[PDB]
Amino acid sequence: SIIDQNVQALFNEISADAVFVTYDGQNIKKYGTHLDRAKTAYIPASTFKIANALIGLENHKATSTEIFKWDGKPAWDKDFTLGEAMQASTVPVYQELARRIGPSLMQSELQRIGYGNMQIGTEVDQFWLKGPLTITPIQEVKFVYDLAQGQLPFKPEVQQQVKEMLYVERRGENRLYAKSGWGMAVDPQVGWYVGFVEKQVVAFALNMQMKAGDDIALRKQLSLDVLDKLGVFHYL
C-alpha cells in the first residue's frame, strides 16, 4: 500500500491539522495529519449551500431558473441563479433562500434528513456560518455520496439540479463535483473541500484548520493532489 504512503507524504508538507475522508459506498478511509477531525463536528459554512438548495427547491421556495436579483447594497454585486450563486459561493443569495424557507421549515427539514446536529438556533440566515449547526466530515461525505446516487430523501429532479450545480470538471468520462467552504466566524476557523468523483462514486471531504492569510487555493490543490495519488481522479 504505497498509495497510502504517497498520500500521507502529501500531508507532511501541510502544517495545518487536516483530515481527508473518502467514501465509496462501502469503505470509509481517512488520511491526513489529524485523523480525529473526521469524527469531530464543525460548522458546514459554505458547504451548507448544498442542503440549502435542496430544501429550497424541494419546498417550492425557488427554482433553478429563477434570478436572485442584487438589491444594490454592496464581487457579488450582480444577479445570480442558484447554480451561478453556488459556484460563486454567494452567501447573501443563499441567506435570502434561507429566509424564504423560514426557521420552522428549515428546522423540520434538517431533522427529517438528519443533517449534522440539526440545530439552527434563532437566526435562520446565520446558523451555518456562526453555529450552532455542526457536521462531521464523515457525515458530509455520506451526505454528498447519497446526493450523487440520488438517494437523499428529496425529489429525484431536485437532486439532479443541485448535483449539477456542483459540477467542476471532467477528465475523459470521469466527473468531479465539489464545493469549498471557509468558516471564518468560528474559532478555530475551518476549511472544507467536499464533493465526489463519478466514474461508481467516490465521495470525499477535506476538513482542515484555517488561519487568516492562508492560501485560498490550497484546499482544492491539496484535494486534487490526493485524488490523483489515490488514482480516483488522475491528472491528464
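By rigid core we mean the largest C-alpha set that fits within 1.5 Å across both forms. In case it trips you up, residue 1 is the first one in the sequence shown, and so on.
In a rigid core superposition of the other structures in 9 other deposited structures of this protein, 75-83 and 154-162 differ in how far their CA atoms stray, and the farther one is 75-83. Taking the rigid core as the alignment reference, the C-alpha atoms of 8-16 lie farther on average from the displayed form in 9 other deposited structures of this protein than those of the other stretch among 8-16 and 217-225. In this entry, no coordinate-free residues of the deposited sequence separate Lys39 from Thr40. According to the entry, the deposited sequence has 4 to 9 residues without coordinates between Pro74 and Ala75.
The mean C-alpha temperature factor is higher for 11-19 when 222-230 and 11-19 are set side by side. Comparing 116-124 with 129-137, the higher mean C-alpha B-factor in the PDB entry belongs to 116-124. Comparing C-alpha B-factors across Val93, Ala88, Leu166, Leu147 in the deposited entry, the largest value falls on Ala88. Per-chain ranking of the deposited C-alpha B factor places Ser46 in the lowest third. In this PDB entry, the Cα temperature factor of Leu35 sits in the middle third of its chain's modelled residues.
Among the modelled residues of the chain, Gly56 sits in the lowest third by CA temperature factor in this PDB entry.
In the deposited entry, the Cα temperature factor of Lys142 sits in the bottom third of values across the chain's modelled residues. Sort the modelled residues of the chain by CA B factor and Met184 lands in the highest third.
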